[PDB]
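Before any questions on how it binds or moves, here is one chain, the form deposited in one PDB entry, in C-alpha cells.
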C-alpha cells in the first residue's frame, strides 16, 4: 500500500477512518485529498496524508502539536491560521483532518494572469489577515519558516485567507544554525548570514509575498544564497557592518574588509558599496484612489524589507500602517 519513498497510494471512493469518503485530489507527491465526512452530514474536509519513512513522520507529529497550540490560543478563529479538526492513522500514515479551503495564493495568481497580480483592495485585506497570523505566531512561541503564496490558502469567495503547512515550523528557543531555512526566494538575510533569528524571518517572508501578490512576480528570484543577498542589497544597499559581524557564515559572502563577494567558471567580484538600483514604485505600478494605495504599499514594503531585523517594522505597527487603516 505504501511507496518506496513512503507515499500512500490514494484511491477515489475509499473511506478513511470509517467516515471520510475521498472524492478528489488537490496535490499528491504529504498527499492532500478532498473528502466528505459521512458521520457529519457529508460536510467537506481536507485530509493531509503524511509520508511514512522516519523523518517525515517526526515532522507530521510536530505539525500536529503546533496546529493544536495555535487553534487553542485562537478559539474565535480571528488570527487567520489553518484549523485542524482531528487526527487518525491509516495504513501506517498519520492523517490530519483540516477545514476545507478553495485554492492556495500561487493558484489564484495563475488565474489572474501573466504578471497581473491581485487588485490593491484584495492585497490590503490579505496583508491585514497575514499580519494577524504573525500576531498569533508571535503570541505562541512558533516560527512558521515557510510563508509564501503556495502555503496561504483562501476560501471559495476568496475573502478569507488561512496560513497553512506547519510542516517546517519550529519553536523560538530552538536555534538551528542553517542557511537553508525558509524557501530560498522568501529567505531573510539573517538566515543566510547565520545571525540569531526570531519572528522577523516570518515578517520578511510576508513582505516578499505582498510584493508578489500585487505584481504577480517573485521579489528576489535568486539562484543561490549569495545571489539572494545581492538582490536584497540591490534595493536597500550594503548590509550594515554590525549585522555582518554577528553572523556565522560571514566568510562565505563577505571578506575581512567587510566587502561583499558576488559570484557569477567560478567568477568572484569584490564589492565595496552596493547602490540601490531596484525601484519598487516602478515595478509595482491607474485612478488616484488606487495610485495612493500603491504608494502606501510601497512605504510598507520599505519598512518590512529592512536587512537588519532590529530595524524591521513590528506586527502592531504593520497593522496600524496607512496602507491597512486607509
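Each form is matched to the other, and the largest set of C-alpha atoms that superpose within 1.5 Å is called the rigid core. Residue numbers count along the first chain shown, from 1. Only residues modelled in both forms are compared.
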If the chain runs straight from residue 285 to residue 286, say none; otherwise bin the unmodelled deposited residues as 1 to 3, 4 to 9, or 10 or more. 4 to 9
In terms of residues present in the deposited sequence but not modelled, what lies between residue 44 and residue 45: none, 1 to 3, 4 to 9, or 10 or more? none
Which has higher Cα B-factors on average according to the PDB entry: 307-315 or 6-14? 6-14
Average Cα temperature factor in the PDB entry - higher stretch of 193-201, 149-157: 193-201
Based on what the PDB entry reports, which of 169, 137, 244, 163 has the top C-alpha B-factor? 244
Per the entry, which of 33, 258, 64, 70 tops the list for Cα B factor? 258
Sort the modelled residues of this chain by their C-alpha B factor and say whether residue 299 lands in the lowest, middle or highest third. middle
Entry-reported C-alpha B-factor of residue 176 relative to its chain, by third, is highest
Residue 240 by Cα B-factor - lowest, middle or highest third of the modelled chain: highest
Within-chain third of residue 212 by Cα B-factor, per the entry: lowest
When the modelled residues of the chain are sorted by Cα temperature factor, does residue 25 land in the lowest, middle or highest third? highest
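Here the subject shifts to the form deposited in another entry, a form of this protein not shown in this document.
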When the two forms are laid on each other by their rigid core, does residue 14 show a Cα shift of 2 Å or more between this form and the one not shown? yes
Once everything's superposed on the core, is residue 259 shifted 2 Å or more at the Cα between this form and the one not shown? no
Per-residue C-alpha change between this form and the one not shown, residue 52, threshold 2 Å, rigid core fit: yes
Flagged movers between this form and the one not shown, rigid core as reference, every CA at 2 Å or more, runs of three or more, listed in order as 1-14, 51-54
